[PDB]
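Understanding the architecture of this molecule
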Number of protein chains: 2
Amino acid sequence: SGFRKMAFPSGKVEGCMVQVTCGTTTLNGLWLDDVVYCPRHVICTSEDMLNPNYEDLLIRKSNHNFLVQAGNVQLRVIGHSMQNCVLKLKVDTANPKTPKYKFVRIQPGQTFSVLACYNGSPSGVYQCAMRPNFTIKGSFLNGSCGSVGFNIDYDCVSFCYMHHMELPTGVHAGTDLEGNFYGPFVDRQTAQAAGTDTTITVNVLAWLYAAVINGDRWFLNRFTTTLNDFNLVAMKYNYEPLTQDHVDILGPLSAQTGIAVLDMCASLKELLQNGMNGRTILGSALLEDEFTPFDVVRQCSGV
Amino acid sequence: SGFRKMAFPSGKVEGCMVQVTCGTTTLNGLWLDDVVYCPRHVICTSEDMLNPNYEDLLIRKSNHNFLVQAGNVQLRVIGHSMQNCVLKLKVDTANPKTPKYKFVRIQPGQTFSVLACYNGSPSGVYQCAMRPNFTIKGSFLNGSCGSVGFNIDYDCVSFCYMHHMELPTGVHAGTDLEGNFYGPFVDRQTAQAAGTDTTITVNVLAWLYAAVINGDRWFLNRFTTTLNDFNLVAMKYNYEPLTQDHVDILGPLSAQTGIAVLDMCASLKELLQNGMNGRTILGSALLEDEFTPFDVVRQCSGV
Ligand SMILES: *[C@](O)(C(=O)NC1CC1)[C@H](C[C@@H]1CCNC1=O)NC(=O)[C@H](CC(C)C)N1C[C@@H](NC(=O)OCc2cc(F)cc(F)c2)CCC1=O
Ligand SMILES: *[C@](O)(C(=O)NC1CC1)[C@H](C[C@@H]1CCNC1=O)NC(=O)[C@H](CC(C)C)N1C[C@@H](NC(=O)OCc2cc(F)cc(F)c2)CCC1=O
């Protein structure tokens, strides 16, 4: 039946993207009700970026210094504040397309859709994971800042991510919609370290289950293992330690397949220890960790 | 900056999806102006599927036998015809959300976004290639039939694909919107062969260029090659033969990188002959052929 990297439909979020301009800097804003959210570094100059005092930079700016463009229509800014690393622009006009929405801080290992935007126009949509080190493996060029990540909950959009920066590793960092960075990152042009990039173990198990449901079951061995024994081998390969919570989350996938979580851990252990010998699992020659159990169920149940 | 499998924004296509029901069969329709398009096998019973005479099956049906539901509203069917393997239902109400659109037959090697739908509700969106053997590597469960593939041309939606069937290989087949199958497939439950699944060579070169633009350039060797010499090695590995058209399409990527197409062919030759030695290119341990040159430029230029 197939297994694919799948984003949520983007339409509800498309009608929320606007253009925000301050001096020479143009980027993306999120227009919900009568508030527009964007990265505060919209106020920064080329050289301000080395060590900006946002409080002093923001103080030289008034309502009329912000150009907020929905399509071809200019909105009137009647208020501004800084919340952490986001600028909230109060506007005269409530977005008539505002969907039912929430702001959530996502946890590491969870996935969301990114609607990649330039000049407040939606460009494309792809799925990302908040990696254990609070980075994402995105596709973000000059102009993409203010692009948002989100989940759809039948009708309700859960915004979880706003894009701010690229790290030397070719990897991306940003905030929740209250403007708190995921991870230790700051919005300034300085040397910044993402930690060691550990693998989301529960996600790899979900993906090996997806493989089995789709008839790909060569990597299944005659062995079994224990939490402590598997987790000794995880540690060696920079895998997140598997917990009983993780085992319980996988139970619907165990139940559907008839393969005990611990039997799947044994298979994973030998793949980690032996490699794949030029063989592939769901069209990949490496172990994929950017699918959650929910993602696997959703796609293998048809939500 | 990153390189990712990216779909078009789906919103324009979301407002075009309806539910089509005939007897016990429910699937997806495309509502454009006052016409609804869907797979003709909507009229089929469990056993009709072995060898259906669609003409005779369609003759036992009237306008009122078709239930077309846009959200919670029933549309009135005032006409029906069969065009090849699609049913066109004429409806009283023109879709008020009809975008500027075209129907195109895509060529093999070109890519499109699939909006995976169940019960006329959009589920998710992912990018596919029409493979040389006229199959796609999708994610399609019971209920997905009538889901469409499309390109966006600034404002104009180019619908190219409607989903009909799964092949034994776990691989998918369907029609253009005039109801002509891509490839030799027929809408009946019989043993059907996709041909040998050849690699789209121009796409792999585009992807090796994308790798280089994103700073991943280990697979570059000190050698060069000729069309005829590379194409002798392509043949061995079931790669599409590279033509001077293919070379010309890649020129903007050559020009931006300073790497001659033929120098990139030499790199590809040694990867095909030597493998990757457990190394990765853009996070893949195999050679990716589902990105076109346009896709690479679009993502590496920010369209
Ligand atoms: C957005 O602000 C944006 O799109 N702005 C509109 C173009 C005006 C961009 C998005 C980046 C740009 C390229 N691809 C992206 O995702 N972000 C920034 O400009 C960041 C602003 C900071 C204040 C957060 N920014 C500035 C630079 N930071 C830097 O040099 O850090 C040290 C560094 C980083 C690195 F990756 C390698 C190094 F060796 C050193 C550049 C990176 C960045 O994201
Ligand atoms: C749609 O019609 C659909 O979603 N219908 C709504 C559920 C009522 C489905 C989509 C398929 C179903 C599972 N995943 C899909 O993508 N298509 C069909 O039902 C096809 C109808 C035919 C008339 C085209 N269909 C029927 C079966 N065909 C078959 O058995 O062919 C021989 C075969 C195929 C195979 F893959 C392996 C074999 F060993 C033999 C099943 C497959 C199919 O797509």
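Residues numbered from 1 in each chain as written, not as in the entry; some residues may be left out. Chains lettered and ligands numbered in written order. Heavy atoms only, no water.

This deposited entry lists X-ray crystallography as its structure determination method and 2.2000 Å as its resolution.

Attention now moves to the packing of aromatic side chains. Residues and elements named next belong to chain A. Tallied over the full model, the rule gives 16 aromatic pairs over all chains. Summarising the aromatic geometry, the rings of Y101 and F103 are spaced 5.6 Å apart at their centres and angled 35° between planes, so their arrangement reads as tilted. Relative accessible area serves as the criterion here: at 27%, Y101 is assigned to the partly exposed category. The ring of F291 has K5 sitting right over it, with the charged end atom 5.3 Å from the ring centre. (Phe/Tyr/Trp six-rings, centres within 6.5 Å; stacked < 30°, edge-to-face > 60°. Buried < 20%, exposed > 50% of the residue type's maximum accessible area, 1.4 Å probe, protein only. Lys NZ or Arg CZ within 6 Å of the ring centre and 35° of its normal.)

The next point concerns the site of ligand 2. Residue and element names in this part refer to chain B. Surrounding ligand 2, one finds 21 residues, the nearest of these being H41, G143, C145, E166 and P168. Here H163 contributes a side-chain N or O atom positioned 2.9 Å from an oxygen atom of ligand 2. Between ligand 2 and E166, the relevant distance is 2.7 Å, taken from an oxygen atom to a main-chain nitrogen or oxygen of the residue. Against a free-state accessible area of 880 Å², the protein chains account for coverage of 74% of ligand 2. In terms of residue count, the dominant contributor to the shell around ligand 2 is strand β12 (residues 156-167) (five residues). Partitioned by chemical class, the residues of the shell around ligand 2 number seven nonpolar, eleven polar and three charged. (Near = heavy atom within 4 Å. Polar contact = N/O pair within 3.5 Å; in protein donor to acceptor, adjacent residues only side chain to side chain. Areas by Shrake-Rupley, 256 points an atom, 1.4 Å probe, with all protein chains shown as cover. Helix = DSSP H or I, 4+ residues; strand = E, 2+ residues; numbered from the N terminus. Nonpolar A, V, L, I, M, F, W, Y, C, P; charged D, E, K, R; others polar.)

With that out of the way, let us pick up the packing of helix α3 (residues 201-213) of chain B against helix α7 (residues 261-274) of chain B. All names here are of chain B. The geometry of α3 relative to α7 is characterised by a closest axis approach of 10 Å and an angle of 100° between their N-to-C directions. Classified by the angle their axes make, α3 and α7 are roughly perpendicular. Where α3 abuts α7, its residues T201, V204, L205, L208, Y209 and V212 lie against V261, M264, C265, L268 and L271. The residue makeup of the contact of α3 with α7, split by class, is ten nonpolar, one polar and no charged. (Axes fitted to C-alpha atoms, helices over the stretch in contact; angles between N-to-C directions. Parallel < 35°, antiparallel > 145°, perpendicular 65-115°, else oblique. Contact = heavy atoms within 4.5 Å.)

Quick look at the nonpolar core now. In this structure, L30 and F159 of chain A together with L30 and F159 of chain B are the most contacted members of the largest nonpolar core, which totals 40 residues. Setting aside residues no more than four positions away along its own chain, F159 of chain B makes contact with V13, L30, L32, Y101, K102, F103, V104, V148, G149, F150 and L177 of chain B. (Core = buried A, V, L, I, M, F, W, Y, C linked by side-chain atoms within 4.5 Å.)

All names here are of chain A. Within the secondary structure layout, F230 lies in helix α4 (residues 227-236). Considering only alpha carbons, one finds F230 and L268, 38 residues apart in sequence, at a separation of 8.6 Å. In this view, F230 contacts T201, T225, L242, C265 and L268; residues no more than four positions away in its chain are not counted.

All names here are of chain B. Taken across its twelve residues, β12 has eleven buried, putting it largely inside the fold. In this sheet, β12 lies alongside strand β8 (residues 101-103) in parallel orientation, the contact comprising three bridges. Along β12, the bridge assignment pairs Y101 with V157. Across six bridges, strand β11 (residues 148-153) lies against β12 in antiparallel orientation. (Pairing = 2+ DSSP bridges.)

A few words on the side chain of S113 of chain A. Residues and elements named next belong to chain A. With respect to the secondary-structure elements, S113 resides in strand β9 (residues 111-118). In terms of polar contacts, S113 uses its side chain to reach the backbone amide nitrogen of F8, at 2.7 Å. A polar contact is formed between the side chain of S113 and the side chain of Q127, at a distance of 2.9 Å. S113 has contacts with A7, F8, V125, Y126, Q127, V148, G149 and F150, leaving out every residue within four places of it along the chain.

A few words on the relation of the copies chain A and chain B. Superposing chain A onto chain B takes a rotation of 180° plus a shift of 0.0 Å along the axis, which leaves an RMSD of 0.0 Å. As the rotation angle and translation indicate, the two copies are arranged about a two-fold axis. No C-alpha of chain A approaches the rotation axis more nearly than that of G11 of chain A, which lies at 1.8 Å. With an isologous cut-off of 70% or more, the 100% of interface residues of chain A that recur at the interface of chain B puts this contact in the isologous class. (Least-squares fit on C-alpha atoms.)

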